[PDB]
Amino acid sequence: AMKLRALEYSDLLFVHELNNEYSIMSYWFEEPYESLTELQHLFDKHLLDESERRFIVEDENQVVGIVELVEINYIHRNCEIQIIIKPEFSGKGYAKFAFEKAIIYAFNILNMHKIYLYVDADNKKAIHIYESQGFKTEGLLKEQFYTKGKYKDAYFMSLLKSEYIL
């Protein structure tokens, strides 16, 4: 029995071990450097930030990953989605379940009108999952990011509520 659960201070430990993994942050276009103190400080800082919602993906036993609906805009009604499953629990389908849960949350609870995301052009697995869920590649930002010593392009993908209610 899996579930997405509001991120907690106590969970930051896991997230820390998740945010300092080069392999993971590279695909996320992030940096693999974030002291636990910095993570706790940002958690306290954005505690009441209504432009964010950070969920923890947990199965029947342990926490397996994290999802995040960030940059939530309540005028344009859109937000960015981003998932990170621990490499140890990869392949179990956690990513797809958590992605579906997050889309449902954004469309049926936050009353969003459009979800979007940034993915690496070479990361065909994530693009495959997204296109399976409904996201369409709306843009190719060439050399938009810089990771592993290379300027990487990125697909700006997105999914409209009108295309999900159908």
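Start at 1 with the first residue shown and count on from there.
* To do: Return whichever of 88 to 96 and 67 to 75 has the greater mean Cα B factor according to the PDB record.
  => The stretch with the larger average C-alpha B-factor is 88 to 96.
* Which wins on mean Cα temperature factor, 41 to 49 or 123 to 131? -> Stretch with the higher mean C-alpha B-factor: 123 to 131.
* Relative C-alpha B-factor of residue 137, binned into the chain's lowest, middle or highest third -> For residue 137, the deposited C-alpha B-factor lands in the middle third.
* Classify residue 160 as lowest, middle or highest third according to the C-alpha B-factor given in the PDB entry, relative to its own chain. => It belongs to the middle third of the chain when residues are ordered by C-alpha B-factor.
* **B-factor third for the C-alpha atom of residue 154 within its chain** => For residue 154, the deposited C-alpha B-factor lands in the lowest third.
* To do: Please place residue 10 in the lowest, middle or highest third of its chain by C-alpha B factor as given in the entry.
  => Lowest third - that is where residue 10 ends up once the chain's C-alpha B-factors are sorted.
* To do: For residue 36, return the chain-relative third of its C-alpha B-factor as stated in the PDB record: lowest, middle or highest.
  => Tercile = lowest for this residue's CA B-factor.
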